[PDB]
Every structure is written in structure tokens, then in C-alpha cells.
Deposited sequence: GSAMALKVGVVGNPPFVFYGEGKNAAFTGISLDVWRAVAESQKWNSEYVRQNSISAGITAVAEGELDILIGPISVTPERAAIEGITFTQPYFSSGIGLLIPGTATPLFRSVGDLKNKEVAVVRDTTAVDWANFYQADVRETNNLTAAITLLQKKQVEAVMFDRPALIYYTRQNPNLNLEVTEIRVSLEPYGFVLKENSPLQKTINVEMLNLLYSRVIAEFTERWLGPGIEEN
């Protein structure tokens, strides 16, 4: 169709989002939704989740997609609304194989030099657990600090950490059994958006038909 394209902001990390142009679990979900409605899309990579949320509130974007945790603080932002969640993720920790005995619970996080990526929920969880928080620009930067020896762990979404370890088995890094939290992922629309109902129904259809589970299995099974 020749209808005006929806402006789709993209933010996140593998396996949910990859940057060529754009691929990953989140993109598979959005594309299935867009395709079912014969919609045209224009993808714009966003610097951060909050930058993307502001762009949706300001009408600069029609929707923000990616592994975006639905949190009270974000849901409180004026002008935006979250879609129904499409994935239930856990926030975990990546540590050196030898540090396994040291990280058995969230209580062990206190005072430990924990690396986190700026503008992610991990920053807040790391501060809440009284870790020695060290913010970085990206996951690669946070892991490069662990690869060296400045931080005793990296706090980030569990699926992304697992994916990373699978691309670098040679590194001997391990994702602990510790779950700092369980957070649902959703997309961000403008409040009272006329697309909301259609997107929710479609995402729920994908969820219940186990199609999203297949997408996830393709990138992390």
C-alpha cells in the first residue's frame, strides 16, 4: 500500500534488537503486527529508552519498540501508554567463572563493583541493592570493564547476557542463577493512540498462538 508510514523508534540489545538494518525478537513481533495490518514502517534507531519515550510523547514517533521494561516510572510519563507486555524477562548478573561462590543472592550485591548500562532498569536495581554502581554507555563497555578487572559483575537483562556468553564461550563468563527482578517488556505508544487497540489485539494473538515463543526460540533456543 502507499499509505503514510508509521515512525518506529528502535532501541535495545540482542537477541531482541540487532543493528545492521534492524532485526531481532522485538522486530519480529513488530513486523508480524505491521504485516497483519498491511502497514508501512520507517525505523529510526533511538539513543536510549527515555529519549525514545520523549519522541513518542512529542509525536516525533508513532511507536517505540524493543525490550522495554514496563516500570511505574515510565508508565507515569505524560503523553505515553504501554502496550500489553509481550515478554517476561529477568534482570541478571554476568560474572567471571571463578566468582560463582560470591554471588548467591541479591544480598551479595552490596558494595560489589557492579557495572550497568546507562538508562536501563539495572541502574535503579543496582542502586536499590546498594552495589557500587558504575554506569557505562553500552553493554559492550560494561563487559569490557569486566573483561579487564574493575567490576565484579555486570547487571543487565538476562536474555541479552546469555546471548552474549553464547557468542564468546572462549571468555568463560557466567550468568548467575540470581534474578534481581522479573520485568515485562512492552512497546510504547502515544496516550490514547488510535493504533493501541489494533496493536494490543495483534500482540496478544502472537502471544497466545505461541508465535512470539517461536521468535524467541529462533534467537535464543
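- Message: Missing C-alpha coordinates: which residue stretches of the deposited sequence does that apply to?
- Response: Several stretches lack coordinates - namely 21 to 25, 227 to 232, in sequence order.
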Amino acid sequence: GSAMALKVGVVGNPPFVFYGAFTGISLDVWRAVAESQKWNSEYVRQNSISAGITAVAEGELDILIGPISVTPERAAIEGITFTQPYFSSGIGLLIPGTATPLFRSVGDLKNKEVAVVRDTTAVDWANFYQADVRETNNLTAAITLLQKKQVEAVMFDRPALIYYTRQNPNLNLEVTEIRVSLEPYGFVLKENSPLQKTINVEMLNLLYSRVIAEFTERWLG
From here on, numbers count along this sequence of modelled residues.
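- Mean Cα B-factor comparison, 166 to 174 or 23 to 31, giving the higher one as deposited: The deposited B-factors put 166 to 174 ahead on the C-alpha mean.
- Task: Pick between 80 to 88 and 107 to 115: the one whose mean CA B-factor in the entry is higher.
- Result: Higher mean C-alpha B-factor: 107 to 115.
- Message: Given 122, 93, 75, 143, identify the residue with the highest C-alpha B factor in the PDB entry.
- Response: Answer for 122, 93, 75, 143: 143, with the highest C-alpha B-factor.
- Going by the recorded CA B-factors, say which third of the chain residue 153 sits in, lowest, middle or highest. Answer is highest: the recorded C-alpha B-factor places it there.
- Query: Taking the entry's C-alpha B-factors for this chain, is residue 37 in the lowest, middle or highest third?
  - Reply: Middle third of the chain for residue 37's C-alpha B-factor.
- Third of the chain, ranked by Cα B-factor, where residue 192 sits: Highest third - that is where residue 192 ends up once the chain's C-alpha B-factors are sorted.
- Among modelled residues of the same chain, the CA temperature factor third for residue 60: Answer is highest: the recorded C-alpha B-factor places it there.
- Chain-wide C-alpha B factor ranking for residue 6, given as lowest, middle or highest third: Middle third by C-alpha B-factor.
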